[PDB]
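See below for the structure under consideration.
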């Protein structure tokens with residue numbers, strides 16, 4: 001499928017780096033990006049590239065298209081021979097963690113009882129006597 005595009009990325013140019021600038025000879029020639037500027041009156045972009053292999057009385061602004069931005073544009077992606085990103089270091093990756101807890105307890109109680117006993121008890125002694133005789 002794929003017919004209607006819904007959004008697209010925006011290219012970008014980097015200063016200090018070298019790019020392939022088109023030439024009026026069906027060819028491309030490297031050119032260091034001096035700086036970058038935008039036209040308000042015209043409403044376009046322009047990058048002052050320097051042809052490191054032509055003349056010193058050159059150095060002129062160019063257009064993004066005129067430059068080589070991604071394999072997308074180039075002389076021909078028939079062969080294409082280049083290395084890959086050359087950068088290795090401690091990649092950003094971390095995720096600490098921790099947790100703990102504890103709880104304890106114990107019931108308690110006391111009880112006691114008593115009883116009251118008898119102290120002491122007893123009787124006396126009855127008696128009697130006659131009279132006659």
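Numbering starts at 1 and runs along the chain as it is shown here.
Placed from the backbone N, Cα and C atoms, the Cβ positions cover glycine too.
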Correct range for motif 'Nuclear localization signal' (source Swiss-Prot, candidates 98-107, 108-117, 118-127): 98-107
What count of other C-beta atoms do you get within 10 angstroms of the C-beta of residue 71 (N6-acetyllysine), across all chains shown? 9
